[PDB]
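Data file: data.cif. Format and content: mmCIF, C-alpha atoms.
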data_entry
loop_
_atom_site.group_PDB
_atom_site.id
_atom_site.type_symbol
_atom_site.label_atom_id
_atom_site.label_comp_id
_atom_site.auth_asym_id
_atom_site.auth_seq_id
_atom_site.Cartn_x
_atom_site.Cartn_y
_atom_site.Cartn_z
ATOM 1 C CA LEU A 373 6.431 -33.407 12.091
ATOM 2 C CA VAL A 374 6.870 -34.667 8.478
ATOM 3 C CA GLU A 375 7.528 -38.279 9.676
ATOM 4 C CA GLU A 376 4.252 -38.088 11.702
ATOM 5 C CA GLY A 377 2.498 -37.163 8.384
ATOM 6 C CA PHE A 378 2.233 -33.323 8.537
ATOM 7 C CA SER A 379 2.984 -31.724 5.125
ATOM 8 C CA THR A 380 1.143 -28.336 5.237
ATOM 9 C CA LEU A 381 0.838 -25.323 7.604
ATOM 10 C CA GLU A 382 -2.983 -25.758 7.363
ATOM 11 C CA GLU A 383 -2.827 -29.316 8.802
ATOM 12 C CA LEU A 384 -0.727 -28.026 11.749
ATOM 13 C CA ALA A 385 -3.112 -25.038 12.255
ATOM 14 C CA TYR A 386 -6.459 -26.951 12.109
ATOM 15 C CA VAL A 387 -5.879 -30.691 12.984
ATOM 16 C CA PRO A 388 -7.467 -31.882 16.320
ATOM 17 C CA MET A 389 -5.133 -31.199 19.316
ATOM 18 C CA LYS A 390 -5.281 -34.939 20.215
ATOM 19 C CA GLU A 391 -3.396 -35.985 17.025
ATOM 20 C CA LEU A 392 -0.598 -33.430 17.677
ATOM 21 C CA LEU A 393 -0.396 -34.622 21.344
ATOM 22 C CA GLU A 394 0.142 -38.256 20.163
ATOM 23 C CA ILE A 395 3.553 -37.181 18.708
ATOM 24 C CA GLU A 396 6.413 -38.179 21.048
ATOM 25 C CA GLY A 397 7.902 -35.053 22.744
ATOM 26 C CA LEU A 398 4.935 -32.666 22.201
ATOM 27 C CA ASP A 399 3.274 -31.221 25.333
ATOM 28 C CA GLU A 400 -0.004 -29.207 25.425
ATOM 29 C CA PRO A 401 1.889 -25.822 25.723
ATOM 30 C CA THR A 402 4.191 -26.683 22.749
ATOM 31 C CA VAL A 403 1.225 -27.837 20.592
ATOM 32 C CA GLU A 404 -0.639 -24.574 21.415
ATOM 33 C CA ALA A 405 2.476 -22.520 20.527
ATOM 34 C CA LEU A 406 2.968 -24.540 17.271
ATOM 35 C CA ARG A 407 -0.714 -23.947 16.277
ATOM 36 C CA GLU A 408 -0.465 -20.224 17.106
ATOM 37 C CA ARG A 409 2.731 -19.970 14.972
ATOM 38 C CA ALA A 410 1.077 -21.934 12.115
ATOM 39 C CA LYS A 411 -2.017 -19.621 12.236
ATOM 40 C CA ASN A 412 0.225 -16.519 12.381
ATOM 41 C CA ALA A 413 2.309 -17.877 9.455
ATOM 42 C CA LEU A 414 -0.885 -18.550 7.418
ATOM 43 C CA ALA A 415 -2.099 -15.013 8.312
ATOM 44 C CA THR A 416 1.325 -13.526 7.313
ATOM 45 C CA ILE A 417 1.319 -15.500 4.015
ATOM 46 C CA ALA A 418 -2.300 -14.397 3.352
ATOM 47 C CA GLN A 419 -1.361 -10.720 4.193
ATOM 48 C CA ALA A 420 1.852 -10.969 2.067
ATOM 49 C CA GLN A 421 -0.020 -12.396 -0.994
ATOM 50 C CA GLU A 422 -2.920 -9.892 -0.493
ATOM 51 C CA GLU A 423 -0.372 -6.987 -0.573
ATOM 52 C CA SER A 424 1.682 -8.447 -3.501
ATOM 53 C CA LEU A 425 -1.470 -8.674 -5.698
ATOM 54 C CA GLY A 426 -4.969 -7.226 -5.017
ATOM 55 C CA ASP A 427 -6.619 -9.953 -2.882
ATOM 56 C CA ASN A 428 -7.477 -8.082 0.382
ATOM 57 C CA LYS A 429 -4.701 -5.697 1.605
ATOM 58 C CA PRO A 430 -4.345 -3.762 -1.719
ATOM 59 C CA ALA A 431 -8.043 -4.518 -2.523
ATOM 60 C CA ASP A 432 -8.920 -2.265 0.493
ATOM 61 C CA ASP A 433 -5.912 0.070 1.113
ATOM 62 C CA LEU A 434 -4.755 0.831 -2.492
ATOM 63 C CA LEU A 435 -8.417 0.504 -3.695
ATOM 64 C CA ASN A 436 -9.668 3.149 -1.158
ATOM 65 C CA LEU A 437 -9.191 5.893 -3.834
ATOM 66 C CA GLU A 438 -12.616 6.116 -5.599
ATOM 67 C CA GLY A 439 -12.224 4.648 -9.122
ATOM 68 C CA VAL A 440 -9.804 1.820 -8.263
ATOM 69 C CA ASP A 441 -11.068 -1.487 -9.647
ATOM 70 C CA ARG A 442 -9.580 -4.755 -8.320
ATOM 71 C CA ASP A 443 -7.460 -5.146 -11.531
ATOM 72 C CA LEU A 444 -5.946 -1.628 -11.178
ATOM 73 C CA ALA A 445 -5.253 -2.252 -7.447
ATOM 74 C CA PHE A 446 -3.260 -5.411 -8.375
ATOM 75 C CA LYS A 447 -1.412 -3.485 -11.177
ATOM 76 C CA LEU A 448 -0.517 -0.763 -8.597
ATOM 77 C CA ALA A 449 0.598 -3.378 -6.036
ATOM 78 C CA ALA A 450 2.802 -5.063 -8.724
ATOM 79 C CA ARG A 451 4.687 -1.663 -8.818
ATOM 80 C CA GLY A 452 5.003 -1.686 -4.980
ATOM 81 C CA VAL A 453 2.041 0.741 -4.461
ATOM 82 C CA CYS A 454 0.275 -1.430 -1.866
ATOM 83 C CA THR A 455 -1.450 1.216 0.356
ATOM 84 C CA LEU A 456 -3.492 4.422 -0.086
ATOM 85 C CA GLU A 457 -0.441 6.308 1.362
ATOM 86 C CA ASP A 458 1.877 4.745 -1.284
ATOM 87 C CA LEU A 459 -0.546 6.029 -3.997
ATOM 88 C CA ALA A 460 -0.697 9.530 -2.394
ATOM 89 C CA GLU A 461 3.152 9.707 -2.647
ATOM 90 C CA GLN A 462 3.229 8.884 -6.423
ATOM 91 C CA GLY A 463 3.590 11.295 -9.345
ATOM 92 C CA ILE A 464 1.525 10.948 -12.574
ATOM 93 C CA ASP A 465 4.863 10.055 -14.282
ATOM 94 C CA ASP A 466 5.392 7.044 -11.899
ATOM 95 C CA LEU A 467 2.012 5.511 -12.965
ATOM 96 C CA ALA A 468 2.033 6.457 -16.715
ATOM 97 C CA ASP A 469 3.058 2.913 -17.835
ATOM 98 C CA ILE A 470 0.041 1.152 -16.179
ATOM 99 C CA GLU A 471 -2.186 -0.300 -18.928
ATOM 100 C CA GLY A 472 -5.682 1.309 -18.685
ATOM 101 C CA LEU A 473 -4.533 4.315 -16.556
ATOM 102 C CA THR A 474 -4.658 7.668 -18.419
ATOM 103 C CA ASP A 475 -2.679 10.680 -17.023
ATOM 104 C CA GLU A 476 -6.043 12.315 -16.100
ATOM 105 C CA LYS A 477 -7.284 9.160 -14.288
ATOM 106 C CA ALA A 478 -3.872 8.755 -12.538
ATOM 107 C CA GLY A 479 -4.041 12.439 -11.455
ATOM 108 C CA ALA A 480 -7.628 12.007 -10.155
ATOM 109 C CA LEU A 481 -6.726 8.843 -8.144
ATOM 110 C CA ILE A 482 -3.543 10.420 -6.632
ATOM 111 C CA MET A 483 -5.613 13.505 -5.641
ATOM 112 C CA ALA A 484 -8.377 11.300 -4.142
ATOM 113 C CA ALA A 485 -5.696 9.354 -2.185
ATOM 114 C CA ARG A 486 -4.075 12.653 -0.970
ATOM 115 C CA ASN A 487 -7.495 14.046 0.061
ATOM 116 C CA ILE A 488 -8.087 10.977 2.286
ATOM 117 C CA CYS A 489 -4.501 10.553 3.674
ATOM 118 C CA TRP A 490 -3.448 14.220 4.107
ATOM 119 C CA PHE A 491 -6.768 16.121 4.481
ATOM 120 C CA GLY A 492 -9.135 13.521 6.115
ATOM 121 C CA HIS B 276 7.150 29.691 -17.264
ATOM 122 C CA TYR B 277 8.172 32.562 -14.930
ATOM 123 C CA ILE B 278 8.873 32.848 -11.180
ATOM 124 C CA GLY B 279 6.049 35.482 -11.062
ATOM 125 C CA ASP B 280 3.548 32.836 -12.353
ATOM 126 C CA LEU B 281 4.705 30.278 -9.737
ATOM 127 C CA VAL B 282 4.444 32.764 -6.811
ATOM 128 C CA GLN B 283 0.740 33.484 -7.618
ATOM 129 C CA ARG B 284 -0.283 29.788 -7.392
ATOM 130 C CA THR B 285 -1.424 28.446 -4.027
ATOM 131 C CA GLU B 286 -0.027 25.233 -2.467
ATOM 132 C CA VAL B 287 -3.479 23.602 -2.925
ATOM 133 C CA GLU B 288 -3.429 24.425 -6.682
ATOM 134 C CA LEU B 289 0.109 23.023 -7.181
ATOM 135 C CA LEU B 290 -0.948 19.718 -5.485
ATOM 136 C CA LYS B 291 -3.658 19.284 -8.219
ATOM 137 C CA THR B 292 -1.042 19.417 -11.045
ATOM 138 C CA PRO B 293 -0.061 16.119 -12.785
ATOM 139 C CA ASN B 294 3.173 14.364 -11.586
ATOM 140 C CA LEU B 295 3.372 16.727 -8.534
ATOM 141 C CA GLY B 296 4.202 14.899 -5.276
ATOM 142 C CA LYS B 297 4.516 16.152 -1.660
ATOM 143 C CA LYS B 298 8.364 15.913 -2.011
ATOM 144 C CA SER B 299 8.479 18.169 -5.136
ATOM 145 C CA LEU B 300 6.158 20.682 -3.384
ATOM 146 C CA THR B 301 8.554 20.846 -0.370
ATOM 147 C CA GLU B 302 11.511 21.361 -2.792
ATOM 148 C CA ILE B 303 9.646 24.275 -4.511
ATOM 149 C CA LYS B 304 8.899 25.908 -1.100
ATOM 150 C CA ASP B 305 12.485 25.536 0.175
ATOM 151 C CA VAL B 306 13.877 27.051 -3.072
ATOM 152 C CA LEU B 307 11.331 29.947 -3.088
ATOM 153 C CA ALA B 308 12.080 30.597 0.626
ATOM 154 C CA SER B 309 15.858 30.733 -0.171
ATOM 155 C CA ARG B 310 15.013 33.688 -2.524
ATOM 156 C CA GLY B 311 12.627 35.399 -0.020
ATOM 157 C CA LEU B 312 9.507 34.428 -2.079
ATOM 158 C CA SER B 313 6.362 32.582 -0.876
ATOM 159 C CA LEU B 314 3.529 30.779 -2.691
ATOM 160 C CA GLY B 315 0.228 32.756 -2.933
ATOM 161 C CA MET B 316 1.587 36.340 -3.339
#

Could the structure of this file be written out as structure tokens, please?
Amino acid sequence: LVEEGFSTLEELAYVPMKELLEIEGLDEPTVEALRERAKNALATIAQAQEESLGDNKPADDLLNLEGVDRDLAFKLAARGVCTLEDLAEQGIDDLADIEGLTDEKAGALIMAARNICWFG
Amino acid sequence: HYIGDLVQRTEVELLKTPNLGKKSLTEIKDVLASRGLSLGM
């Protein structure tokens, strides 16, 4: 694949099927499987990065609690609090070191998360 | 401060307290139950 000029997962996911079928030893089923794997890998990388910081996964799950700005969602996800369930399981003491989060604001967000996860 | 103060609080009130998780609430119930006490008396 690299000798045929493919360097990125994006090229393999999006390039016209004809160019991948010009490679010696690729059949239409194997090209389809390779593209599906490349798209699934790109989706897994996009989900992984979105959960590590606050791009989409933590910008929706961890940010469900009313009051969570995108910056706070990424600060939470940097501590491994990636979902609204992960936030509902925290104590105030576990979040006390997050810059811009007061004990009162931490307590309000944990209670909002618990109200949605455990009482919704 | 006292066991008599704890026994008067409801489970819903204890979940509002700061640094109070679902795990610590289950621990408090299991310990009170071992002494024949329940929350909300």

- Item | Non-local contacts of residue B:297 (12 Å; all atoms listed in the file; under 2 positions in same chain excluded) as a list in words | residues 457, 458, 459, 460, 461, 462, 463, 482, 483, 486, 489 and 490 of chain A; 286, 287, 289, 290, 291, 292, 294, 295, 299, 300, 301, 302, 303 and 304 of chain B

Just-selected residues, C-alpha atoms written as an mmCIF file, in the frame of the given file:
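Just written: part-v3.cif:
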data_model
loop_
_atom_site.group_PDB
_atom_site.id
_atom_site.type_symbol
_atom_site.label_atom_id
_atom_site.label_comp_id
_atom_site.auth_asym_id
_atom_site.auth_seq_id
_atom_site.Cartn_x
_atom_site.Cartn_y
_atom_site.Cartn_z
ATOM 1 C CA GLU A 457 -0.441 6.308 1.362
ATOM 2 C CA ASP A 458 1.877 4.745 -1.284
ATOM 3 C CA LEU A 459 -0.546 6.029 -3.997
ATOM 4 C CA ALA A 460 -0.697 9.530 -2.394
ATOM 5 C CA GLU A 461 3.152 9.707 -2.647
ATOM 6 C CA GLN A 462 3.229 8.884 -6.423
ATOM 7 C CA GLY A 463 3.590 11.295 -9.345
ATOM 8 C CA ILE A 482 -3.543 10.420 -6.632
ATOM 9 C CA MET A 483 -5.613 13.505 -5.641
ATOM 10 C CA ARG A 486 -4.075 12.653 -0.970
ATOM 11 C CA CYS A 489 -4.501 10.553 3.674
ATOM 12 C CA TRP A 490 -3.448 14.220 4.107
ATOM 13 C CA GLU B 286 -0.027 25.233 -2.467
ATOM 14 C CA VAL B 287 -3.479 23.602 -2.925
ATOM 15 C CA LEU B 289 0.109 23.023 -7.181
ATOM 16 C CA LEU B 290 -0.948 19.718 -5.485
ATOM 17 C CA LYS B 291 -3.658 19.284 -8.219
ATOM 18 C CA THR B 292 -1.042 19.417 -11.045
ATOM 19 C CA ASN B 294 3.173 14.364 -11.586
ATOM 20 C CA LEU B 295 3.372 16.727 -8.534
ATOM 21 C CA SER B 299 8.479 18.169 -5.136
ATOM 22 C CA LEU B 300 6.158 20.682 -3.384
ATOM 23 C CA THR B 301 8.554 20.846 -0.370
ATOM 24 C CA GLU B 302 11.511 21.361 -2.792
ATOM 25 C CA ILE B 303 9.646 24.275 -4.511
ATOM 26 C CA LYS B 304 8.899 25.908 -1.100
#

Please provide as a compact mmCIF listing (two decimals) with C-alpha atoms, keeping the file's coordinate frame all residues within 12 Å of residue A:382, with the sequence filter that same-chain residues fewer than 3 positions apart are discarded (counting only C-alpha atoms).
# COMPACT_ATOMS: atom_id res chain seq x y z
CA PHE A 378 2.23 -33.32 8.54
CA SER A 379 2.98 -31.72 5.12
CA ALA A 385 -3.11 -25.04 12.26
CA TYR A 386 -6.46 -26.95 12.11
CA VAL A 387 -5.88 -30.69 12.98
CA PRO A 388 -7.47 -31.88 16.32
CA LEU A 406 2.97 -24.54 17.27
CA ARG A 407 -0.71 -23.95 16.28
CA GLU A 408 -0.46 -20.22 17.11
CA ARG A 409 2.73 -19.97 14.97
CA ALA A 410 1.08 -21.93 12.12
CA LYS A 411 -2.02 -19.62 12.24
CA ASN A 412 0.22 -16.52 12.38
CA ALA A 413 2.31 -17.88 9.46
CA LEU A 414 -0.88 -18.55 7.42
CA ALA A 415 -2.10 -15.01 8.31
CA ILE A 417 1.32 -15.50 4.01

- Item | Ground truth for the PyMOL selection byres ((chain B and resi 314) around 8), written as a list in words |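 So the PyMOL selection byres ((chain B and resi 314) around 8) ends up selecting residues 281, 282, 283, 284, 285, 286, 304, 307, 312, 313, 315 and 316 of chain B.
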
What would the file look like if the residues just selected were written as a PDB file, in the coordinates of the input with C-alpha atoms?
ATOM      1  CA  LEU B 281       4.705  30.278  -9.737  1.00  0.00           C
ATOM      2  CA  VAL B 282       4.444  32.764  -6.811  1.00  0.00           C
ATOM      3  CA  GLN B 283       0.740  33.484  -7.618  1.00  0.00           C
ATOM      4  CA  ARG B 284      -0.283  29.788  -7.392  1.00  0.00           C
ATOM      5  CA  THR B 285      -1.424  28.446  -4.027  1.00  0.00           C
ATOM      6  CA  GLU B 286      -0.027  25.233  -2.467  1.00  0.00           C
ATOM      7  CA  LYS B 304       8.899  25.908  -1.100  1.00  0.00           C
ATOM      8  CA  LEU B 307      11.331  29.947  -3.088  1.00  0.00           C
ATOM      9  CA  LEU B 312       9.507  34.428  -2.079  1.00  0.00           C
ATOM     10  CA  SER B 313       6.362  32.582  -0.876  1.00  0.00           C
ATOM     11  CA  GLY B 315       0.228  32.756  -2.933  1.00  0.00           C
ATOM     12  CA  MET B 316       1.587  36.340  -3.339  1.00  0.00           C
TER      13      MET B 316
END

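When all atoms listed in the file are used to compute distances to residue A:433, the closest of the residues A:468, A:420, A:453, A:374 turns out to be A:453.
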
- Task: Show me as a PyMOL selection string the residues that reach within 12 Å of (-9.9, -2.5, -8.9), counting all atoms listed in the file and using the file's own coordinates.
- Result: chain A and resi 425-428+430-449+472-473+481

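Pairwise distance (atom CA of residue A:391, atom CA of residue A:375) equals 13.4 Å.
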
With 6 Å added on each side, what axis-aligned box encloses every listed atom of stretch 469-485 of chain A? Give the centre and edge lengths in Å to one decimal, as AutoDock Vina command-line options.
--center_x -2.7 --center_y 6.6 --center_z -10.6 --size_x 23.4 --size_y 25.8 --size_z 28.7

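Between atom CA of residue A:373 and atom CA of residue A:395 the separation is 8.1 Å.
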
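From atom CA of residue A:421 back to atom CA of residue A:475, the distance works out to 28.2 Å.
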
- Query: From the list B:288, B:308, B:298, B:276, which residue is nearest chain A when using all atoms listed in the file?
  - Reply: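 For chain A, the nearest of the candidates is B:298.
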
Rebuild N, CA and C atoms on stretch 277-309 of chain B, as a short mmCIF file (atom, residue, chain, number, x, y, z; two decimals), in the frame of the given file?
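Final output, selection36.cif:
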data_model
loop_
_atom_site.label_atom_id
_atom_site.label_comp_id
_atom_site.auth_asym_id
_atom_site.auth_seq_id
_atom_site.Cartn_x
_atom_site.Cartn_y
_atom_site.Cartn_z
N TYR B 277 7.45 31.58 -15.72
CA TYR B 277 8.17 32.56 -14.93
C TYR B 277 8.00 32.36 -13.43
N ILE B 278 8.95 32.86 -12.65
CA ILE B 278 8.87 32.85 -11.18
C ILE B 278 7.63 33.62 -10.70
N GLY B 279 7.27 34.72 -11.37
CA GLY B 279 6.05 35.48 -11.06
C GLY B 279 4.74 34.70 -11.25
N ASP B 280 4.70 33.73 -12.17
CA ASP B 280 3.55 32.84 -12.35
C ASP B 280 3.45 31.82 -11.20
N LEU B 281 4.61 31.27 -10.80
CA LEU B 281 4.70 30.28 -9.74
C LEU B 281 4.27 30.85 -8.38
N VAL B 282 4.71 32.07 -8.08
CA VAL B 282 4.44 32.76 -6.81
C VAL B 282 2.96 33.10 -6.62
N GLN B 283 2.18 33.24 -7.70
CA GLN B 283 0.74 33.48 -7.62
C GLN B 283 -0.09 32.23 -7.31
N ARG B 284 0.43 31.04 -7.64
CA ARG B 284 -0.28 29.79 -7.39
C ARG B 284 -0.24 29.44 -5.91
N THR B 285 -1.36 28.93 -5.41
CA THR B 285 -1.42 28.45 -4.03
C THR B 285 -0.91 27.01 -3.92
N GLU B 286 -0.50 26.60 -2.72
CA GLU B 286 -0.03 25.23 -2.47
C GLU B 286 -1.06 24.16 -2.83
N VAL B 287 -2.34 24.48 -2.63
CA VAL B 287 -3.48 23.60 -2.92
C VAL B 287 -3.67 23.44 -4.43
N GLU B 288 -3.38 24.48 -5.22
CA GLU B 288 -3.43 24.42 -6.68
C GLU B 288 -2.28 23.60 -7.24
N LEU B 289 -1.05 23.80 -6.74
CA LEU B 289 0.11 23.02 -7.18
C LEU B 289 -0.05 21.52 -6.90
N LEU B 290 -0.67 21.13 -5.78
CA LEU B 290 -0.95 19.72 -5.48
C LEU B 290 -1.95 19.05 -6.44
N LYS B 291 -2.74 19.82 -7.20
CA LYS B 291 -3.66 19.28 -8.22
C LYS B 291 -2.95 18.99 -9.54
N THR B 292 -1.78 19.58 -9.76
CA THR B 292 -1.04 19.42 -11.04
C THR B 292 -0.61 17.96 -11.25
N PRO B 293 -0.52 17.49 -12.51
CA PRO B 293 -0.06 16.12 -12.78
C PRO B 293 1.42 15.90 -12.43
N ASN B 294 1.77 14.70 -11.95
CA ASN B 294 3.17 14.36 -11.59
C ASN B 294 3.72 15.39 -10.57
N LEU B 295 2.92 15.77 -9.58
CA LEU B 295 3.37 16.73 -8.53
C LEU B 295 3.19 16.08 -7.16
N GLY B 296 4.27 15.55 -6.58
CA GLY B 296 4.20 14.90 -5.28
C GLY B 296 4.44 15.87 -4.11
N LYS B 297 4.20 15.39 -2.88
CA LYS B 297 4.52 16.15 -1.66
C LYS B 297 6.00 16.53 -1.56
N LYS B 298 6.91 15.65 -2.00
CA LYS B 298 8.36 15.91 -2.01
C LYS B 298 8.75 17.07 -2.94
N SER B 299 8.24 17.08 -4.17
CA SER B 299 8.48 18.17 -5.14
C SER B 299 7.87 19.49 -4.67
N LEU B 300 6.73 19.47 -3.97
CA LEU B 300 6.16 20.68 -3.38
C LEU B 300 7.06 21.26 -2.28
N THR B 301 7.61 20.41 -1.41
CA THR B 301 8.55 20.85 -0.37
C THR B 301 9.82 21.44 -0.99
N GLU B 302 10.38 20.81 -2.04
CA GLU B 302 11.51 21.36 -2.79
C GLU B 302 11.21 22.77 -3.34
N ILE B 303 10.05 22.97 -3.97
CA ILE B 303 9.65 24.28 -4.51
C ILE B 303 9.56 25.33 -3.40
N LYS B 304 8.98 24.98 -2.24
CA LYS B 304 8.90 25.91 -1.10
C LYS B 304 10.27 26.28 -0.55
N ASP B 305 11.15 25.31 -0.38
CA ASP B 305 12.48 25.54 0.18
C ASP B 305 13.31 26.45 -0.75
N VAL B 306 13.21 26.23 -2.06
CA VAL B 306 13.88 27.05 -3.07
C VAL B 306 13.29 28.46 -3.14
N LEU B 307 11.96 28.62 -3.12
CA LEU B 307 11.33 29.95 -3.09
C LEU B 307 11.69 30.70 -1.81
N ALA B 308 11.69 30.02 -0.66
CA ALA B 308 12.08 30.60 0.63
C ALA B 308 13.54 31.06 0.64
N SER B 309 14.45 30.32 -0.02
CA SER B 309 15.86 30.73 -0.17
C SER B 309 16.03 32.05 -0.94
#
